[PDB]
Each structure stands twice: as C-alpha cells, then as structure tokens.
Amino acid sequence: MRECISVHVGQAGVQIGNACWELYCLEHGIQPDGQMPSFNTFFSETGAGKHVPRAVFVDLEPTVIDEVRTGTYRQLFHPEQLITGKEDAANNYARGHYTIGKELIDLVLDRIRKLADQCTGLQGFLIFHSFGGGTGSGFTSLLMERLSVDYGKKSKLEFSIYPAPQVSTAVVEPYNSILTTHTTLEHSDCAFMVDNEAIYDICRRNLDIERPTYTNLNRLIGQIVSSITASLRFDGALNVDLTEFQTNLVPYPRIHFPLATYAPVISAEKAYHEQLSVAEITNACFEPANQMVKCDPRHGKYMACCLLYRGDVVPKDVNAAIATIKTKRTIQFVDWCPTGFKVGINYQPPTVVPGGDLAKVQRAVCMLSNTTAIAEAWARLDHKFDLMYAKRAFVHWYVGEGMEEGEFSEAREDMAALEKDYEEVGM
Amino acid sequence: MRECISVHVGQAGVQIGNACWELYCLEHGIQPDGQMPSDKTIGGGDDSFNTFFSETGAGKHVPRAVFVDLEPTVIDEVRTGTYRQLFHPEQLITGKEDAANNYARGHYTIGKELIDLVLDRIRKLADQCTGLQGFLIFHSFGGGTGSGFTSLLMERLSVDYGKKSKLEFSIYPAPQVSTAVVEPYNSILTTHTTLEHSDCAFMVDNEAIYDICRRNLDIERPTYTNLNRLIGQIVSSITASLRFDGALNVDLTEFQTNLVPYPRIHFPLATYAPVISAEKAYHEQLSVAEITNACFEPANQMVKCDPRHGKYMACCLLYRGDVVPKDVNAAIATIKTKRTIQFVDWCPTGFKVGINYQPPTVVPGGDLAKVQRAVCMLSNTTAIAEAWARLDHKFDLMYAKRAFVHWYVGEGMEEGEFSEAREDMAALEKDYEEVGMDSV
Amino acid sequence: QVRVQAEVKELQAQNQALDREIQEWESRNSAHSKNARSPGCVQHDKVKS
Amino acid sequence: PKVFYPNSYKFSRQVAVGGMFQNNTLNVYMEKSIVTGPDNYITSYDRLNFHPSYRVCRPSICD
Amino acid sequence: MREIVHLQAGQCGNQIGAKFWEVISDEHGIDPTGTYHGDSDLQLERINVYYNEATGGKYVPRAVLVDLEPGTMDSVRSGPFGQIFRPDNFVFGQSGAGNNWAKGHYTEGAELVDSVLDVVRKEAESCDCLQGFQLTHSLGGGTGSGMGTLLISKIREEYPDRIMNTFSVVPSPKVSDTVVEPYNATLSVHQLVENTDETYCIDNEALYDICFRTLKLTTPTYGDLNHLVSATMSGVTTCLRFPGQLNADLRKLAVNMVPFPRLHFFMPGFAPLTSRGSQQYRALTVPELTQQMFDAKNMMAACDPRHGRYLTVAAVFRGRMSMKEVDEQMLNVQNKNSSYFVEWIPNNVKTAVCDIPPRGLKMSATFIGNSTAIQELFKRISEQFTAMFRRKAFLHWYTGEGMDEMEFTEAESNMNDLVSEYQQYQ
Amino acid sequence: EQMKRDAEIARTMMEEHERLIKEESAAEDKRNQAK
Ligand SMILES: Nc1nc2c(ncn2[C@@H]2O[C@H](COP(=O)(O)OP(=O)(O)OP(=O)(O)O)[C@@H](O)[C@H]2O)c(=O)[nH]1
Ligand SMILES: Nc1nc2c(ncn2[C@@H]2O[C@H](COP(=O)(O)OP(=O)(O)OP(=O)(O)O)[C@@H](O)[C@H]2O)c(=O)[nH]1
Ligand SMILES: Nc1nc2c(ncn2[C@@H]2O[C@H](COP(=O)(O)OP(=O)(O)O)[C@@H](O)[C@H]2O)c(=O)[nH]1
Ligand SMILES: [Mg+2]
Ligand SMILES: [Mg+2]
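What counts, and at which threshold
Residue indices run from 1 on each chain, following the sequence as it is written; they may not match the entry's numbering, and residues absent from the coordinates are omitted. Think of it this way: whatever chain is written first is A, whatever ligand is written first is 1, and the rest follow in order. Chains on display form part of a larger assembly; values are given for the displayed part and nothing beyond it. The side-chain values count all of the structure's non-hydrogen atoms but skip hydrogen atoms and water molecules. Whether two residues touch is decided by their heavy atoms; if any such pair falls within 4.5 Å, the residues are in contact. By convention, the term buried area covers the 1.4 Å-probe accessible surface removed from two parts as they join, with the contributions of both added. The rule for a salt bridge is simple: a side-chain nitrogen of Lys or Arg has to be within 4 Å of a carboxyl oxygen of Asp or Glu. Elements are defined by DSSP. Helices are runs of H or I of four residues or more, strands are runs of E of two residues or more, and each kind is numbered from the N terminus. Exposure is judged per residue with a 1.4 Å probe applied to protein chains only, and the accessible area is read against the type maximum: over 50% gives exposed, under 20% gives buried, and values in between give partly exposed. We call a residue near a molecule or strand when any one of its heavy atoms sits within 4 Å of it. For the purposes of these results, a polar contact is taken to be a pair of N or O atoms within 3.5 Å, where, inside protein, one atom must be able to donate a hydrogen and its partner to accept one; residues adjacent in sequence count only when each atom of the pair is a side-chain atom. Here the accessible surface of atoms and residues is derived via Shrake-Rupley with a 1.4 Å probe, and residues count as covered only by protein chains that are part of the display. Residue polarity is assigned by list, with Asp, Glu, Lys and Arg as charged and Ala, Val, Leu, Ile, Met, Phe, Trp, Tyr, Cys and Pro as nonpolar; anything else, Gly included, falls into the polar class. Metal-coordinating donors are taken as N, O and S atoms lying within 2.8 Å of the metal, or within 3.2 Å when the metal is Na, K or Ca; because water is left out, some sites can appear incomplete. Whether two aromatic rings pair depends on their centres lying within 6.5 Å, for rings of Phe, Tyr and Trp, where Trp uses its six-membered ring; planes under 30 degrees apart make the pair stacked, over 60 edge-to-face, and the rest tilted.

- Deposited coordinates in this entry are attributed by the record to cryo-EM, at a stated resolution of 3.4 Å.

**Brief notes about the interface of chain D and chain B**
Part 1 of the reasoning: In this assembly, 20 residues from chain D lie in contact with 17 residues from chain B.
Part 2 of the reasoning: It is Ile34, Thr36 and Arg55 of chain D that lose the most area in chain D upon contact with chain B, and together they represent 32% of the buried surface on that side.
Part 3 of the reasoning: Counting the contacts that link chain D with chain B gives one salt bridge.
Part 4 of the reasoning: Residue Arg55 of chain D is joined to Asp120 of chain B by a salt bridge in which the shortest nitrogen-to-oxygen separation is 2.4 Å.

**A few points about the side chain of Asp120 of chain B**
Part 1 of the reasoning: Its location among the elements puts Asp120 of chain B in helix α2 (residues 118-125).
Part 2 of the reasoning: By relative accessible area, which is 9% here, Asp120 of chain B ends up buried.
Part 3 of the reasoning: Those residues within four positions of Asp120 of chain B in sequence are excluded, and the remaining contacts are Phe50, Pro52 and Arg55 of chain D.

**Remarks on the site of ligand 2**
Residue and element names in this part refer to chain B.
Part 1 of the reasoning: Close to ligand 2 lie 19 residues; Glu71, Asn101, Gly143, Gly144 and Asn228 are nearest.
Part 2 of the reasoning: One of the side-chain N or O atoms of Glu71 is found 2.9 Å from an oxygen atom in ligand 2.
Part 3 of the reasoning: Here an oxygen atom of ligand 2 sits 2.9 Å away from a polar atom, N or O, in the main chain of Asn101.
Part 4 of the reasoning: When the free accessible area of ligand 2 is taken as 640 Å², the share hidden by the protein chains comes to 90%.
Part 5 of the reasoning: Elements supplying a minimum of two residues to the shell around ligand 2: α1 (11-27) and α3 (144-160).
Part 6 of the reasoning: Here the residues of the shell around ligand 2 are counted per class, giving five nonpolar, 13 polar and one charged.

**A look at the coordination of the magnesium ion (ligand 5)**
Part 1 of the reasoning: Here the magnesium ion (ligand 5) is held by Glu71 of chain B (OE) and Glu71 of chain B (OE), and the distances to it run 2.1 to 2.6 Å.
Part 2 of the reasoning: Here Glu71 of chain B shows up in the loop between β2 (67-69) and β3 (92-94).

**Some details on the packing of aromatic side chains**
Part 1 of the reasoning: Applying the stated criterion to the full structure yields 63 aromatic pairs over all chains.
Part 2 of the reasoning: Aromatic pair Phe395 of chain B and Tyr399 of chain B: ring centres 5.7 Å apart, planes at 15°, arrangement stacked. You can see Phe395 of chain B and its partner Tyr399 of chain B sitting in helix α9 (residues 385-400), four residues apart, about one turn around the helix.
Part 3 of the reasoning: When its relative accessible area of 2% is taken as the criterion, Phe395 of chain B is described as buried.
Part 4 of the reasoning: Ring geometry for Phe385 of chain E against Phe408 of chain E: centres 6.2 Å apart, planes inclined by 10°, an arrangement best described as stacked.

In structure tokens, the structure reads:
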C-alpha cells in the first residue's frame, strides 16, 4: 500500500510528467486510454475496469495543460485534475507567490486532499519542478509550506531542474533560484537535482545523438524516477522503502540535495557490441563525464552513495565491486563515513518506451550521490546574484508585486550560510 | 586465460590488419557478423579464441585491436566493408588532419591530441586480461603516423605497463626501390627511439617480398593485397602456439629471452619457408627436413641482406602442421655441420625448435596453397650491419647540405636532435662489429 | 584604431606566455609520473602482499 | 548579320544592386574537433573530452 | 483568457494596421468574409485572443481604426481584407489636424476623445480577462503622434494593471518628408517614456537599407515595408497564441528585458530575410540563422550597435527545430564577443520557441534587441531641435492654440533625461 | 518518414518560388505594356 501522490508544477513539471506517465502506463499492461485488456502504488481502480492516476497537473498558462487535455491522454485523468489558471505568472516569484497563486492554491490542495482520502497507506508526494520560473518558484514554495504544515512528517520529495553554469534561458534566473532555495530549504524531505547542460553533454557523447529536443531529456528523467520507485511496485532481493532515503542520505537538515545518474545510457548500435556487467556499470557511475549534474567531482569528497540496481544482479558482484571502488584512494570518501555506500536491488529489469532511443539493457544502476563538489555551483549561483544585485537590476517588478528590498538580502545570507556549512562539514 | 592486444598504427598498419584479421576469423569459425554459426554453438567445447576475441553475454565476439592513423580515408573503408559490424566502433581511432610524411609532425605537432585518446582504449583491452602475453605493434618506417606516433606509443606504454612483452612488426625501407625522399630522415630517427623501449622488433623489406613473388609464388605484377597475406601468415605462426596445443609449445614470453644476446641487438629477421603456388605444390614434396634447408637460402629471406657475409648468432625455428620430431632433429645436425652456414663461436647450442599441431589454413583467393606442414625461421644474424651501412650513408649525404631540414625544425623540433641520433647509430654500426669478432 | 591594435599585440604576448607555460607543465607532469612509477608496479604489489 | 554576340548585363545589374557583400556580423564560428566521430570532441585546448569506455577493474578517475 | 484589443492611429498606422490583418488572418486560415476555411483544428483554439465571434460563425477582429480625414477610412474599407471590421468602429473627425500636434492633442483631437473611448471600452468589456492593447502609429505627424499620446494617457487612466504595447515608426532625418519633424517627435516621447513603457523603434531609413542589400530590391513600394513590419509584430505574440516547447507570452518579455523602468525602446529585426535570386542556395539551419539576427544591416532601427553595448537580447524562434542549437549557439555568440555584452548581467540572452512557423517557411526567428546605441537616435533628433528653436522658426503654427515657450523646454529635458540614462549605464 | 516529409516540403517551396518567378515576369511585361 505504498501509495504516492504526484503533482507536476511548472512547464518543466508537466512536460516531464508526460514522459513519466507514459512510462508508468507502459510499465504495467495498461492501455493508454485507461483500461486493461501491484499497480495500486500509483493508480486507483473503478469497477467499470478503469484506472486513474494519482496525479495533479498545474500551471498558470492554460495552453501547456490544454495540450495534455486534448492529446492522447485525455481519458487517463479525471478531467478536473488538470488545474489551470488564467493569467501567467510571468517569470515572477512575487506573482507566483503573493499575487496570482492565491486563486489556485486552494483548488490544488483540496484535490490533494481528495486523493489522499482515496489512498489508504500513504507514503509520500512527488513534486516535479524547476528553479527557473515564477510558478516554478513561488507556487511550489506555497505548495510545499502548506503541505508541510498540513500533512505532517510525510515525505514530500521534490525533483528539481537545476540552473546550469553557462546554460540558461531567463535573465533573472539567479534571483528566483536563490529565493526558492531559501524558502524551500526547510520543508522538503529531499530534493533531487539534474543539470540540463550535463544531460546535453551525455546526450551528445554516450548516446551518439546530436541536437536533442526536450523529449529526449524527459525520457531519461522518467527512467530515473522509475528506477527510484520500482521498489514500491515490484519486490526484490533488497527492497528500499521511500522513507529510507531520509535517514540514509542527508546528514544535516540543510544538506538534502543529492545528485543522480544512471549508468547504462547506451545506444543500440554500441550496446550490441558491448556487454555491461555489474562491475562495469558501478565503476562507470563514477566518471566525471557520466554524471548528470555539472560539478567537478574531483574537487569534492563523497559523503554517501545510494545505489539502486535493477534487473538480473547477484549480490556478491555488487559487494566485491564496491570495495574495488573504495580502495583506490582518489575517490575521496570523508573520514567520518567508513560505511560508504547503501545498496538496493530489484528484480524487474528496466523497460522500453515506444519511439525510444535508450537500448534495452538487462541490468541497470541508478546511483544517488551526495558530494561536496556542489559548493562551486553554490558559489557561482551566489556570485551571479551578487553581480546583478550590486545595482538593483530587475528588482522593481518584484517589489511592486510584493517583497521589500531587505528580503532578497536575508535570502542571500540564509543561502550563504549553507556554503559555510559545507566548509564546516568538509574540514 | 591467455591474451594478446594487437594494436595497429599507420596507413600501412590498417592495410595489414585488414588481411590479418580475416585470417583469424577463418582459423576459428567466426562469421563476419561476429556470431558463431549453428554447428559449433551447441557443444561449445572449444575455447581457443580467448587469445584474440572477447565474448559478450549475448553471444557476440569482438576482437582486441585498435586501429590508429591520422588519415581518415583508410579507416572509412573498414566502416563500410565486409567487416562493418565485427569491430567495436570505439576502437577505430581516426584523426582529421594528416601526418603528411614528416616524423616531427607525427611526434610533436599532431599526435599529442591522440596520445591520450588511444591510451584509454588500450586500457580497456588490456583490462580483461587474467594474463597478458604481449602486444603486437604493426607499423612502418616510412612516414608520419607509422614512425612518429609509434615512438610516442613506446615511451608511454612502457611507462604505463613496464616489464611486459611488446613484440613489434615493421617494414624496413628498401635498398634501392623506395617511394619517398624524406624517408632516410625517418628511419634513422625511429631506430633511436626504439633502441630502448621495444623488447623485440622483426625486420621485413617490401622489396624482398617483391622478389619472392616473381620467383616462388609465380605471380607477375603483385599488388599490396598480396604483401599482407605473407606477413599475415607469419603473425599467425608466431601466435599459434598460444591458441592450439602442441608437442613443444613455445609462448611469446619464450622468444624475447631466447633470441637476443645483448640488450640492444633486438632486430631479428624472419622468413616463411613453404610458400608455393598451387600448381607447384602438385609437383613438389614438402617434407620436414627440406623446408628446414630452405630457410637458410640466399633467396628466401625477407630483408634484402645475404647472410653469407655474417655469422648466425642464433635461430628460433617454429614449425606448424604434421611433423614428427625424430625427423626435425635429423636436419638441424645437417645445418650446423655444413661449412658455409656460419655460427658465432660463443654459441655451440644455437637453435630453438617449436612444434604445433594445426596445419596452415587457406584464405579464399590467397595465392598460397594447402600445404601439410610449414615452418617459420627467426634469426638475428650479424649480416644486418651491412644494411645500416646503406641507410646511414643516405642520411649523411642529405644532412651534409642540410636538405629537407627546414620542415622539421619548424614543426616543433630542435636542430640538435638530428646530431645526437646520428652519433647514436655511430655506436650501433660498431656494436655489431665488436660481437662478430672471434674470441681473444 | 591604433589603441585597439596595441591591445591586440598585448594579448598575443599574454597568449604566448601561457602557451609556453602549458608546454613546461605538460613536460613536468609526464616526467614526474615517469620517475614516480619506476620502483615496482601497481596493484600487483598488493596481490603479492 | 549572320551571327550576333552582344554584351548582356542583366545578371551584373541584378547582383550589383546595393553594393557588394561585406560581412557585418558578431563573431560566430565554432572551433571544431580533431577526431572525426559524432562523439569524441577533442580540440587542442579542451582535450580529455571523450567517452571513457567501460573498464572492468578500475574507474576512469583512478587510472 | 489573455486577450488584446487592437487600435490604430493616423495614415501611417492604418497602412500597417491593414497589412497586419492581412497577415494574422492568413495565419489562422480566415477568408475576408470572416468564416473559417482552414485545415488544422489547432488554428482555432486560441483565436479568441484577437478576434470575437458573431452570429453564423463569423469572426470580427477587435480593432478600431482611428484617423482624422475620412479619405483614409475609404482607403482601408475598400481594400481586400478591409470589410472585415464592424462598421460601427471607424471613429474619426472631419476637420483635419493637418500635421499639428496642438490640434491633435489640445483642440481638434480632444473633441473626439469622448467618442473613441466608448468603442474602446466596449470591445474591452466583451473580453473576460485583459492582457493589454496595441497601438500602431508613427512619430512624425500630428494626427497620429498627438492623438496617440492622448489616447494612451487616457487609457492608462482606466486599465493601469494591464500591460500595453505600442509600435512606433520613429522619424529619421536622412529620409524625411516634413520640415517640423523635430517639433512633433522630440516632445511626443514625453508620454511614451511614461505611459506605454513598451514601445518599439522602427526607422524608415533603415527599412530602406534592408531593401537594398539583403532583399536587393529595385522598387520598394510602401506596401512591402509594412509587410516587413507586420511580420515582426506578429512574432512577439505567437507564444501567446500557439503552443510552445518553451514559450513566453507578452508579460514575460517585459520583466526580463528592461533593466530599469525608463529604458524600453527596442530594436526589432526579422531573421531569415533573403533575396529571391539567392533563395535556393541558402542553407536553413540554426547557426546560419544567428548569422543574420546580429547584423548591423538586418536591424530595423537606424542606429548601429557596435557604437554602443548591448543590455539584453530576446530571440523568439519558430518552426520544428531542436533545442541545443538554440541554446548553445547563443551562448557561443555571448562568449566569443563579451565586449558589447555588458558585465553585471551574467547572461545577456533570453529565448523562446514556438512549434508553428510563418506560412511558407521551414523555420524563422524574430530578433528583439535592447541596445545602448539607441541614444544616438535621440541625440540626432534633439540637436535638430536646438537649431530651429534658438531663432524660433516654426513655433507660431502650434502656439495659436496655447502652449508657452517652456512646455517645449519642459519636454526637452524630459526627453534629455533619457539620453543620459543610457550614458550612465555604459 | 522524416526524410520523406523533408523532401515533400522542399518540393512545395520550390513550386511556390517558381510561381513567384512567373508572377514577376508577368508584372515586368505589364510595365513594358505601360511603355
Ligand atoms: N527537462 C526539461 N526542462 C525544461 C523543459 N522546458 C523548459 N525546461 C527548463 O525549464 C527552465 C525554465 O522553466 P521556467 O522558468 O520555470 O518556465 P515555466 O516552467 O513555464 O514556469 P512559468 O513561466 O512561471 O510558467 C529552463 O531553464 C529549461 O531548461 C522541458 O520540457 N524539459
Ligand atoms: N609491406 C607493406 N608496405 C606498405 C603497405 N602499405 C604501404 N606500405 C609502405 O609503407 C609506406 C607507407 O607510408 P606510411 O608511413 O606507412 O603511411 P603512414 O604510416 O600513415 O604515415 P603517413 O602517410 O605520413 O601518415 C610506404 O613505404 C609503402 O611502401 C602494405 O600494405 N604492406
Ligand atoms: N509604413 C509606412 N509609412 C509611411 C507611409 N506613408 C508615410 N509614412 C511615414 O509617415 C511619416 C509622416 O507621418 P504621417 O504619415 O503624415 O503621420 P499622419 O499625420 O498620421 O499621417 C513619414 O516619415 C513616412 O515615413 C506608408 O504608406 N507606410
Ligand atoms: Mg511558463
Ligand atoms: Mg599516412
């Protein structure tokens, strides 16, 4: 009864959730309009023979929801679940926090209530979002704060697109990223992150694919999320519950931002020639290339490492390759973590999407790292904000829509405290 | 589990491995698709392919070789040929800009962008080894990649790996008929960076194989495809003792301690005795004794060098086919007691005999015939000091008027490096003359 | 135009200074590894131990 | 007047209207690679950018 | 949802206005009768942004055509796409302003203001939730420049939340018609530095220089420049009409472009402009397309960016097209130049992409530029207001209706506030 | 499928450009008529 409720907010949220729910619907035998010609982890069941996802979709620009409401998944959802605003948040943290989201936060929380009363053994929520936009910062912050002070100590997992060093589409992206990190530093249990520039480089290099679109990224993020949550639906040698990451990965209650990757990202024309054993894939997780977030790995030391294996895997291969990784003394593990790793195994192998590009591989690993390397990304994300805020660029819209000048400053200090906290737990 | 890593380099290395790997797919039952056929895939009693071929879990065999050059037009006939899907596609390294027949262009300018890349694909291939018997370099003393980058691989393989065997196959520039003019600047400047970092290096002229083809194989006008079948037969016969069991099994690590009397005299020359056109194999008996008497000829060598003007330091005779070893030992006593075949008076033992059971095979279209038994002689005679008295004179005439030196000094090289690698062969022309002298 | 040509020549000189220093550092790191490995080998000492 | 070879100029006017091509653009060009693959993006000054192919014993960062 | 009510002003507007609805209606598959004959169902889902549905399934645009001589309405109604508007909307006077700002602001224009707001307020109440308006006009004359400054400052009086966007043809001195173009233009910015805060700058001199080099045209008629103007006012609200892989509507482009609230004068330019002789040989990829956005001759405002420094850049693309070639190409231009593009804005490019190209093209784009070189266009029109106003050459034509000599000086340094504010940020 | 779609789009645009060429030749002959 390991049910989780998934809310997708932001265009990054719903466009990831399209690939995620096509993956979950092909995971079981469910035909996509709902019927069927173990699945109670994500789907409620009605006696006509229909399956309903535990999903709430929301944006404040109607066209990105309405393409889902018209497209081929129109009969999957109860069509009141596809929440929709009227006026766009306009890339504005103040508008998605203080001004525009006050019309729709009540509706999305009441539908969250009805789904959580449909459920019976509740475990967590999956909030899909970015650090770029107004409704991807402010509305997500209000959603997380209200769900924390309403539901209790249940795992509100959040998934975050992360702002890259030299890759961005907005101009004001440090402002709303440092603001959403400040106000969502406290009430999310864990926050996984991915970098679009690093996925771009992996798509260029490992998969032999030039000029990738956004579907070719969202397929990879769907494979990541399915490898996270295969343990609740399918049983294995060593299952890992979703609560176990909270006591496992994060050591201090501001350090809940682990990185991820997934090692057999390989096209068919090369995986036909190459075998990919367990020692091969778990050694291949630790390259500076094949990670999925741009931080220099060798400048940081490792804190913890939660591996999730999927498919045919015999536990001695894992237990030998882990020590083989550990003894090298260049992969620096911190001197107050002699345990090092945490490993889980599930039997059912990774699946395949129609219209896909990842090759069907018998076994796969998704590893969740917690590095010290991301201090450079927080240094640069504080620096860009400091460059703009020396002479008050772009601030007057947000101060006309709802914060004074000092709250950006206190978010700056409440974010710099975290960069001091890494040097504290590093030395 | 024994293994070799057959690393090629140069445009005259990819054209050798094209005719070398088609032989090893025929020795075993391997299709060009890579998968074994239906008859041998149910029993699976043979594990002789593990020396050269890998084995994936889905039943495909991928060979252990990496192809290196800076000229992108001879690798691109491999990615469209018959062997398109055999080789792993990450093992065909290929540069955009050329080498263009300058040593210094292929040591300092261009080759540094590929010295790191090929040393990651090498580290894959040598990582599956329970035990590495030895590499197999195929290069050429002619131009940029085959002579310059080969020296860059030698100073980085031995620093990486160390006391591990690394055999070498190399053409040698002809006495008279060669195809370049800057060429003696290279062959004096690639011996100097190979005197230290190569455990053994065989010597072949392409001119002497042009002489055996008008004489023995009875072929007029031979192309370059018929030069890489003869060299491809020898590198089969050297490494056949790893794969197929024998009566006197002689590994690769056996050779490098058993042929060199002094540690800079590692230049043995080789030959393959029973090369007969398929018409004359119908006429001639090919016993075990008479193809031992036909290696020491003045005409079946492979370097244009007649060893009548030198004393044989040692031999290493490797036999293949159906032989019985009473009849091998009858013939080696003939060659020692014959008057002309000179042996150095600090080697009264002399020889090294190896036996294997597999007869030599036939490639379809190959001019060679199916002969029941075949040998392969390996010697480092004293007579090779004649051939350096030809090449080192050709370096001296050009360097006297300082011809052709202005491309080298401008392409990342100092002018002094011709001087120190000229004095270095002023020792090796003497180092053969001190050990050919009779005992005092 | 003339002051911009002065800065072009300045940055060319700075570029060649960093290029020289790249050459010296590459030679130093390769020679350091070459001299560092020379007694003994890697990981076979561990297996033998 | 059996044969006639007159100097036509319609293409010359058609291309020479408005002045010849002079490039007025912000500086855009990619420094390309040396190894020819769709992967394996190696420039002289940004080497070590290739796909580190899979190794059984040790990972790539500890060579 | 996110509707916009269109407005015109003067002769220079209606030639751009009637060319606009020859372009928007042809993008939606609409006949001049107004009834739909399209091909895709996607062409009608967000038709409610600009249009409105009458009985019988006929669509009427939300536009009001405003002028001050009734020969201009007969010009547009008789046109091909001109009978589409509701005929209760052609609001005009009868006694012409006649290139007099003081007529079109104080005496002649203000007689007609109480009428024109009724047709404005009835097409905006029919909307459910406004996003803004549109004014297409010029800044040379007095019928459209001076009514245009009237018609904005009395429309900020009513709907000051909803974001308004005008499109102005700024008059160059190199190709000029009337003598007193300083006397109308350098002071009409007094209510366009304040009241619209979204205003574009199009020069007729640069619109010719596109037509001699890139297009390489022989005879450029005034029906082909408004072709070039109305195909880039369309491009900035295609995300607002059509679905996007990464979209940004009208309000999102405001909050990311303008660094400080009085610098909102823009530099538009269409990307894949090509001649009919060199059309076939030309490649259509994305790195070829950024070759043509950042030119100094494919810019519709007659001021050169290399004599200044860029503040911010947007580039709304179109078509079925990849996303690394958007992002990595425009990082490349930002990295390799780094001198025009300022410090203390660590990323100087915004971007967006739709899914549906303009009719008949594989791919296009629309470049929006915000440059600090626009202060030479304000310098070169206020120096021509120093010369005529020292010896008081023409002030009697406009001061028979009442403006003292310092209301020109009051709006001189109010315009010359704007020259120095580009200077202090450079 | 993508290759077939791109070839079809290229043929459509070249047909439209031939239509433009014929229209402009007609207009130039109309100007010669006006002479
Ligand atoms: N993985 C993925 N990322 C996307 C996709 N679309 C946009 N992004 C990322 O999202 C970031 C911007 O998202 P936002 O700024 O929040 O835009 P939004 O989600 O529409 O939020 P609002 O504009 O406020 O409605 C960009 O930096 C993109 O890299 C997508 O389809 N897939
Ligand atoms: N025996 C033999 N010799 C060859 C073959 N192909 C080429 N050669 C010889 O090898 C030399 C060819 O030049 P190489 O140096 O090998 O070409 P490379 O190694 O790519 O060097 P560059 O051409 O400068 O890049 C010439 O002397 C040829 O006579 C071959 O297939 N067999
Ligand atoms: N785009 C366009 N501009 C025009 C046209 N006719 C005149 N103009 C411009 O209008 C400016 C003069 O302003 P004017 O049109 O008289 O303003 P009006 O009083 O509203 O008509 C000149 O600088 C011209 O560049 C036209 O047909 N199309
Ligand atoms: Mg949005
Ligand atoms: Mg070559």
